[PDB]
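Shown here is one chain on its own, the form deposited in one PDB entry, set out as structure tokens.
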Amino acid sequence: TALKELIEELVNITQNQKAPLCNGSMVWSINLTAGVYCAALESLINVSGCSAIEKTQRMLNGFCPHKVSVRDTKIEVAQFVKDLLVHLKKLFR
């Protein structure tokens, strides 16, 4: 119910030709396991100057029980949101 709101917000900013999401800012990847919501927020917390992810960031805050404010591979945010989007659609079995 509320997750599909998050999903379709991801889908909306993942749209074909718009400029790449948040210039070429890049964040730390995360394992799409458990605690993915809090992890996605903490990796997207330090993105600077990008209003296209603001609704996304506020929405994810409703999915993590605490206030936020593994580093193997750093990925473009456009690819980070694409990765998380496929994981969330899967949990919406």
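Under this definition, the rigid core comprises the largest set of C-alpha atoms superposing within 1.5 Å between the forms. Note that residue numbering follows the sequence shown and begins at 1.
Keep in mind the form deposited in another entry is missing from the figure; the text below concerns it.
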Core-aligned C-alpha movement of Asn31 between the shown form and the other one, 2 Å or more: yes
Direction of the Cα shift between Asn46 and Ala34 in that other deposited form, where the change is 3 Å or more: closer
Residue pair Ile45, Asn31 - Cα distance in that other deposited form, closer or farther (3 Å or more): closer
